[PDB]
Amino acid sequence: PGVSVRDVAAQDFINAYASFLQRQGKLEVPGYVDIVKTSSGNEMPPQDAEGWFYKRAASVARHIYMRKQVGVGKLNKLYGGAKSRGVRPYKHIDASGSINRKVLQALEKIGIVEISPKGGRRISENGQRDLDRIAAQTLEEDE
Amino acid sequence: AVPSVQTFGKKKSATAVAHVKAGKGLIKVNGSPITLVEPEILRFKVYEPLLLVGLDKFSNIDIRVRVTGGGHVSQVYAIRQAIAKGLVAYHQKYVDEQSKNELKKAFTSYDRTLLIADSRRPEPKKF
Amino acid sequence: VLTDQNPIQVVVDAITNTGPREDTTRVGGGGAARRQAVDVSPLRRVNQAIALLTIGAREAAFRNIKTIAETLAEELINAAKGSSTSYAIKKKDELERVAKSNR
Amino acid sequence: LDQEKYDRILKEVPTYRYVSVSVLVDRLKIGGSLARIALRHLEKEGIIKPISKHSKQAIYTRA
Amino acid sequence: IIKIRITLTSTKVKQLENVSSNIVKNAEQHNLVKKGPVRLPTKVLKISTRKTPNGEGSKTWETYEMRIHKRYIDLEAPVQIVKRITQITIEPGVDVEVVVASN
Amino acid sequence: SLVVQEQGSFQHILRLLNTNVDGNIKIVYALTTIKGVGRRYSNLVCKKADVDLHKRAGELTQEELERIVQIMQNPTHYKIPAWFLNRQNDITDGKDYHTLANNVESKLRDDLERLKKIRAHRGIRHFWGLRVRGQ
Amino acid sequence: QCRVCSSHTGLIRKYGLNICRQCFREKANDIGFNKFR
Amino acid sequence: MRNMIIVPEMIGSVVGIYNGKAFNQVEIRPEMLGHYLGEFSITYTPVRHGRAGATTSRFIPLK
Amino acid sequence: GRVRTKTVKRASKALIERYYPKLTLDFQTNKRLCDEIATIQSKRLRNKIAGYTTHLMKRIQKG
RNA sequence: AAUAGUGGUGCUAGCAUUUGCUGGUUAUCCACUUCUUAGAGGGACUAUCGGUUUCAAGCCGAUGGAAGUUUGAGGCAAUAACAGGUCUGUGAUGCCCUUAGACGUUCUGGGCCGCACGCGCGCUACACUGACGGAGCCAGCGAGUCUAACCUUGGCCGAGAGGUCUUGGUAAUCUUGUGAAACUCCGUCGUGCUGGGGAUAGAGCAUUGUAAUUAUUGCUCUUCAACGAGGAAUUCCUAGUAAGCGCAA
């Protein structure tokens, strides 16, 4: 009768969590969120005007769950697209770093994820008793 | 100690090891329940080894499988190769052979490639 | 949901009509580009039966608002009966009609 | 810009067999989002008996 | 009296199973502690070059190959036991190395 | 969602510096019909306009048509960075401005004609291309 | 370098041997390269 | 000659002597500022069509 | 797509002439035999040579 | 088999908790080879039955089998007029100036790079089986630094592009699980050459070297121009094959 993080939905679990984070408002949201898109390869700032900053910040916590450590180079090489070059053939996307640098630092203020001695930023017992516990709060969304 | 065996299933360079244990019956695909695999259309292909013999023989089992390699399509085929041949190792080490062959006949009447993996490797070009 | 009883039934009867009973030949004739007496094998018959139903749906769903699934709905129930109102039918028919001439 | 989105839809909904985006674009004024928001309003109205739905398309019929 | 490690990375596979046998032979006549010869995945070299001196003619190419095999053994012995036997297992084309890494 | 039925009041012709807009579209696509402004530029100014992002012409408040050019004519006043502009660090005055529809041809000919005839501050072998092969 | 056989181009810069490839086919044996497939 | 930036220390000076064969006649005009000293000399004569009535090339051939 | 070359064909009837009482209609036995009474260089050539002798040997039980 | 991996015993965190399901890492220690890698061998012969044929060579079905198209793919194998085979080939040609050489260098701008049509072997199209935006997230063969600048992860600033502080890696250990793309759900969009398609362009910031104008390349914002499936014709590519999709040397 007790779950881990591993036995919930994938897309839906972020949605219920970030909407709770939408009620929180405890995020250092910088001024240039209106202008700067996610990478260079994308064409437009997203159709979400507000909750996209809640979206990426939720899922980066979701990805360090199963993992040991995450630096910043990894989630650069992650984020789901293909660079168009015009009339020349395509190439893989690489993501921007400034929009990921602060949002990784934006969870140290709330006790989630911190630097491992091996060299990456990882969850400890701060999230391991709370982030699972609010993932356990997503079990109410299962019914 | 506990009755425990290992099997594995391959398709197009994609492996799927299996660990069999004994218990209430948990089927773990790489650390997750089996009812959550992302090619949602192919969700019932993994149900096929379970939905051939009835839901009976599993209150004494435990199944943990993990995969590597391949794409998002072959790994669906790889897991049901090791799972279906994983059940017979109980019935070829512990339970008798008349219980073995009745599901052996039940599988290979329906799918020859549930027991025996394919043999269709790729090919080098302009050489 | 389009007023019937079995969704797998609506295609297995449909290919009964669209297996062309007669045929032309695929030859000129040696200068006199003619068409002679010929019939079709059944295992060849089913092959071209299904395929001409399919290819009509692409242009039926090319560049218009309706989707593919909306085409395949109306096409097969058109193909379910002898109507010759669908392109899946009204190109196999005129093949068979000139085959009733030539021979 | 008041009646054309008021009588052919709020009254003449249950006349058909099923409902998709094909019937709603039979007017050349009801655009893509306009036809989309029609079922999006009508699912609240309960006339839609749903069958299957995903992001590319739904399968909807009336009550 | 120190744990050592020997490597040998050669390219004549017939002349590497004689050497790796007599390594484990005279150690086991003195019965030291050991772990078996672990055989690594081999390395292949290749270079595609087309097959003409000039350029005038049809086009496909060559492909050349060279195979490197490498295996290594860990060992512990008194130094007087090992410092003699590593000097009587010489053979041309064969490389021998000693590593006493005990960090 | 719902059925909102407004009394028409929609303008097939607009008047924003000789720009007549078929405003039965999204307003960020409405501004792109002018020159010098595209969807990479018009994206933020409607987000700067703080309105609904789905409206047509028949529902716009009348002050906002003044407002949208007011943010346009005062670009750096309301937090537009340097990398969000067309004309930047000019050869005549060094300042940085953006351009409307009917004046992209301004700062165009005079800035090319110096490279065309006068053998200008840089244009002495950039002197025949838009003249002999691409005039 | 231009090594020998009317070549300063098409050099094999890989593996640090630096041979003109006209004069590689006749020297690839005794280096210990051989073709097999 | 071809490589340096222009200096403010110039008035009308006819820079350029021989330094090869393609001559570099560089008079100064009066003060058009911020550029290389390379964009003046001979590099290609702009000869139009001598017999270019086969403009680029032919069509698919047939005789 | 598979007929047997004469060096299979010829040596298959030389072996049947010197050791006929020793041979046997089953292939798996006399697979182990040709290495004893003859010298076969490869392994696949042995498998082909003993393959057709047994096929030859059942002719003897009819003609 | 600490240069692969699981299986426990632990230190150890969650834990619905309550037996429990996920973690925990150097060394907590022991026991293991199924998966992994590489040596030694084995295994397929068209086997066994049924047809068919001068009953011959064989060819078709059948059930077994990892495998039944020479089992899949390559390497290797000489008769001949292309006076293209030339390396300090020598011609083992006597005129090329063949010795103020028109063969060197440093030290110089100009070689493939000029308007109006291609037989140049597909590239980016012509769209809702689609774009755009959110997510979900899977691989294979290859490569690399000392007389010296090769790979590059964290922490760094910045919108990219990059810059700075560090390391790690002479090689299954490090980069690297090379988190590749198509595809995959949830959305926005609505058939008009519109948000499909960006072909010529002007304004800018960066890097690499002795030096980028005639844009060497790369990121900004603008501009969006031929282009509605192609006349007569005619094709490097064979069942995990044809086609898309890669982005490794």
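By the numbers in Swiss-Prot, the shown part of chain G spans 20-56.
Cβ atoms are placed via backbone N, Cα and C, with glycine included.
As given in Swiss-Prot:
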type	residues	note
BINDING	G:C21, G:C24, G:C39, G:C42	Zn(2+) binding site
MOD_RES	G:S25	phosphoserine
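A C-beta separation below 8 Å, combined with a sequence spacing of at least six in one chain, links G:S25 (phosphoserine) to G:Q41. Listed in sequence order, the residues G:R22, G:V23, G:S25, G:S26, G:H27, G:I38, G:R40, G:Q41 complete the 8 Å Cβ shell around the Zn(2+) site centroid, once G:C21, G:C24, G:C39, G:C42 themselves are left out. The Cβ of G:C24 (Zn(2+) binding site) lies under 8 Å from the Cβ of G:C39, G:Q41, G:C42, each of which sits 6+ residues away along the same chain. Within 10 Å of its Cβ, the residue among the binding-site residues G:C21, G:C39, G:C42 with the fewest other Cβ atoms is G:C21.
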